[PDB]
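As a starting point, one isolated chain is supplied in structure tokens, in the form deposited without 2'-deoxycytidine-5'-triphosphate (DCP).
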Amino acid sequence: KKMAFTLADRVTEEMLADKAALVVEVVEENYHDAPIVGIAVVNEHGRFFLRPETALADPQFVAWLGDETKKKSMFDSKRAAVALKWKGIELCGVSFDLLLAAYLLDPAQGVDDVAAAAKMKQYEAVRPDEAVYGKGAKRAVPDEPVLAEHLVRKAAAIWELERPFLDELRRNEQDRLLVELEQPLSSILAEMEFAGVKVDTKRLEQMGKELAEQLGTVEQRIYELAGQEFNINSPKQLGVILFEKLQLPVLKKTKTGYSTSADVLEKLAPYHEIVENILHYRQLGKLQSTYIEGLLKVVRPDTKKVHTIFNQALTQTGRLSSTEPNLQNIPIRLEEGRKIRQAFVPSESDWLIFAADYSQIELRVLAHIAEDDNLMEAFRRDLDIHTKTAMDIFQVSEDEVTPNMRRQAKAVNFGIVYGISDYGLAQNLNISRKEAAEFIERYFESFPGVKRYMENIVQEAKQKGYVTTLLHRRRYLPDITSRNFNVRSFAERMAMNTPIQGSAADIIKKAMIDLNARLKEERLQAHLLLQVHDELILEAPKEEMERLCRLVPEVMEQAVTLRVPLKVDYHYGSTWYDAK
């Protein structure tokens, strides 16, 4: 059973061949400034294991790592690249990434280790990472003989699996998606994460002190109105106070008790004064715990920066996710929460934050793919799409569109993009399922191309077994044939939504690639910091703002050519908050 390999004491020339499977192991989930516990190399000459303190101090090995002509095949090269960036070492020549390859082939597999990717091609001569390292409090790096064999086995699988993975990607017309989009993007994300975002901790600490004062006042007011002290953050104890002691109506229930959601509490406000205070307490408590305290926990004390990790291989649509901290959900909607963004500042003196976002990219992608004449014309005239939808579905002129009509047409537009269902829209607009169905019916009469696409896409998902995006990303939908109404409906909604949300993901990913290429051609010091689904956040010297005002929107607008134009809005300021 055991796999042969050389547990080397020093680096030799045969370990530096021009094609190899490479493993640079970082066990810690958060790889920023984290240890590299071991190194494995597999090539035409054999299998090798190197101790990191030895290999990373060897000039010939470091040079090999940074030589772009020396091709490497890896799994999660971004993790390795960043851990190496923290050590001052540049990783180049990664021509194949098994994690990204597995992800494009089928994102539903949830491949998060070499073993899971390998199982897709009936290769099982490698253990899962969790089996070797354990989990949670028991998580630990094993002794050298166990560690070394695991790393060599991982590199061996990568070496073996490259050909079959590339062959299937080619068959799926996804070879260019891997090589020209996801892999170059991986390198860009690595730079962004390493750069980090500077945080004004003193601003945060002062906001935290003001919130603590306001929480105390509201908290005591809640105990006064209830005539009793209890744990407000406990939906169980709160439910007793509201629905039993104060006798408030039960409009909705959960699986384990009474519902205390914001929308539920919103309806209970007129009955008792305690309701508005609990809502206010929930608002302040969310900012304090998640955005003040939670953010302060992950700020590096030396540099005052946050280094998020973008998961490029998780979502089923092709979007990225962000963790430790999640910087894709910083408050913006309410002013009190929006002020959290004042804490995100440029990393250098006399630099500014520049933010640029696509305007209605999802609805524009839908106009393109459905080839709906009305929707295409709307965007060609650059109309306010929600006002336009209201005019159409409610049969009125522009002057006759009221604020409530626009708000409801806006909801119909979101529903259409998310995969339309009468029950979901109804819940969202607080109306009946029958009334919501009336809006949908009206929409499809005004936008017959969109109705045709929605019908056709569901049919295609059933015929092929999957749906695809503009740049050939795919999502398998086996539940599209289920005889369970709920399970089948969800797959139908995903069939409708994925090519829209997914193609928008394709476009911004390409824009980021195109942008970095332009920033480098123009020798600008400007660099990407964050991506929030339809927007790009950068920082640059103040002297570069005027060039960016022209460069950034143009690159983002020209990323792809659709049947309708792409439109990008932009702003800049002293903090992320001011870039509005």
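Quick note: we count residues from 1 along the sequence shown, nothing fancier.
Form deposited with 2'-deoxycytidine-5'-triphosphate (DCP) bound: not shown, discussed below.
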Practice task
Note which of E173, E273, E205, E144 lies within 4.5 Å of 2'-deoxycytidine-5'-triphosphate (DCP) in the bound PDB entry, where distance is taken over heavy atoms; exactly one does.
Solution key: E173
Exercise for the section: With 2'-deoxycytidine-5'-triphosphate (DCP) left out of view, choose which of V199, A226, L471, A370 has a non-hydrogen atom within 4.5 angstroms of it in the bound PDB entry. Expected result: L471
Practice task
Name the stretch, out of 117-125, 147-155, 342-350, 175-183, where some heavy atom lies within 4.5 Å of 2'-deoxycytidine-5'-triphosphate (DCP) in the bound PDB entry.
Solution key: 175-183
Handout entry: Residues within 4.5 Å of 2'-deoxycytidine-5'-triphosphate (DCP) in the bound PDB entry, restricted to 266-303 and counted by heavy atom
Key = none
